[PDB]
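My structure is below; once you've seen it, I'll send some questions.
Please treat every number below as a calculation from the coordinates, not as lab data. Cβ atoms come from the backbone with ideal geometry, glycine included; neighbour counts cover every protein chain shown.
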Amino acid sequence: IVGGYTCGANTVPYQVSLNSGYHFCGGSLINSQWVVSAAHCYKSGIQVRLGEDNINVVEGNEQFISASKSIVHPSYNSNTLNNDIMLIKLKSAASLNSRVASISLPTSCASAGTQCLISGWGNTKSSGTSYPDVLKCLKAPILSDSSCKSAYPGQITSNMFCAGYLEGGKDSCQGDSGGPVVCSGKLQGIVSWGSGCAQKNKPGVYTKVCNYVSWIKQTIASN
Ligand SMILES: [Ca+2]
C-alpha cells in the first residue's frame, strides 16, 4: 500500500497472508474454512496465516493453517487478468474470535464514489522498494466505469473496477495482490493489477467480487 496508514493490530480481522516460505499475497477469510484471493496468486504449497499484524514476529494471536485445495476460477485468463479470483480451502477450520473473523460477501455491487478499505503488506513506495512488516490500510473511492476505461483503454472488462486517486500518490501495490477491498462492510474487490503503483491516471484495478458470488457459494457447498 502506497500512501496509506498503519491499520492497527487486528482491526482488519478478515485479512490473511499467503505464505510459501515468505509472504507473497493477501487474501480474505469468508468463513471458517475458506479464503478468497486472486488467481494470479496461485501456487502449490500455500500456508494461510490469520490474525497477523507484524508478519515477521509471532505476537500470539496468529493461526497458521495449510491449504488443502485451491480452486482457480474456471475462466481465469492470466494474460488479461479477467476473472482474477481463486478460492483456498483450509485443512482445518479457523477459530473465529475478535482478531480473526470472516467478511461477508456482497448481495449487491458497490456504487461509484463509495469509499472502500484496501489493506495489505505490499510495497509502500511508487518508486523503489520498501516492504512493511505491519498491515497497512488505505481508504479509496470506487471510480466511475468511464474514468476506469479511460485510464486503461481496451483492458477493463465487466469483471473489473477501478478504485483510487487519478492524481496518484495513494494505491495498492505489489504484495497487496489477492487482498481485500471492503466497502460498506462487504467484500467488493480483490487487489488485482494496475500500471505501476500510485501513478497519475493509473488507478488500481480490482476483481469485481459481486459477479462471482454464485460461483463461490456453489463451490463451497460442494468442496
Ligand atoms: Ca505475526
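Determine the dipole magnitude for region 82-223: charges of +1 sit on the beta-carbon of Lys and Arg, -1 on that of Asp and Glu, nothing else is charged, the reference point is the Cα centre, and the result goes in debye to the nearest 20.
Using only the charged Cβ atoms, the result is roughly 200 debye.
Could you give the size of the charge dipole of region 102-186 about its Cα centre, using +1 on the Cβ of each K and R and -1 on the Cβ of each D and E, expressed in debye and rounded to the nearest 20?
Charge dipole of region 102-186: 80 debye, to the nearest 20.
Can I ask one more? With θ set to phi - 60°, apply the Karplus curve 6.51 cos²θ - 1.76 cosθ + 1.60 along region 205-213 and write out the HN-Hα couplings as whole Hz, x wherever there is a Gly or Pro.
10, 10, 5, 8, 4, 4, 6, 10, 4
Right, another one. Restricting to DSSP H runs of at least four residues, report the calculated mean residue ellipticity at 222 nm for the chain, -39500 (n - 2.57) per run over all residues, nearest 500 deg cm²/dmol.
-1500 deg cm²/dmol
In whole Hz, with x marking every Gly and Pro, tabulate ³J(HN,Hα) for region 177-184 from phi via Karplus 6.51 cos²θ - 1.76 cosθ + 1.60, θ = phi - 60°.
Whole-Hz 3J(HN,Hα) from phi for region 177-184: 2, x, x, x, 10, 10, 9, 6.
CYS25's amide H: which non-local residues (gap 5+, or another chain) put their own amide H closer than 5 Å, with H modeled 1.01 Å from N in plane and none for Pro or chain starts?
Close amide H contacts, sequence-distant or interchain: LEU18.
In terms of modelled amide H atoms, which long-range or inter-chain residues lie less than 5 Å from the amide H of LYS208?
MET160, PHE161
Once you have a ≥ b ≥ c as the square roots of the Cα gyration tensor eigenvalues for region 44-173, tell me rounded if a/c is under 1.5, and otherwise prolate or oblate according to whether a/b is larger than b/c.
prolate
Continuing with the same structure: Express in nm, to one decimal, how much length is gained between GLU167 and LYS89 on full extension, taking 0.36 nm for each residue of separation and deducting their alpha carbon distance.
Here the answer is 24.2 nm.
Going by the alpha-carbon gyration tensor, a ≥ b ≥ c the square roots of its eigenvalues, is region 119-223 rounded (a/c under 1.5) or, if a/c is not under 1.5, prolate (a/b greater than b/c) versus oblate?
It comes out oblate by the Cα gyration axes.
For a quick check: with amide H placed at 1.01 Å from N, whose amide H comes under 5 Å from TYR14's, ignoring anything fewer than 5 positions away on the same chain?
Amide H neighbours of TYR14: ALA101.
If you don't mind, another one. Which loop trypsin sites (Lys or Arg not before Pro) in region 60-145, with loop taken from DSSP, have no more than 15 other Cβ atoms within 10 angstrom of their Cβ?
Hits after loop and neighbour filter: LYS91, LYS125.
I need the phi-derived Karplus couplings for region 187-200: 6.51 cos²θ - 1.76 cosθ + 1.60, θ = phi - 60°, integer Hz, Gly and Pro marked x.
6, 9, x, 10, 4, 10, 7, x, 8, x, 9, 6, 7, 5
Rounded, prolate or oblate: which one fits the chain, using the alpha carbon gyration tensor with axes a ≥ b ≥ c (rounded when a/c is under 1.5, else prolate when a/b beats b/c, else oblate)?
oblate
Over 22 Å between Cα atoms: which of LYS186/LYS208; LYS149/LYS202; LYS139/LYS217; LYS89/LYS202; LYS149/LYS200 fall into that group?
Checking Cα-Cα distances, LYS139/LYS217; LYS89/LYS202 exceed 22 Å.
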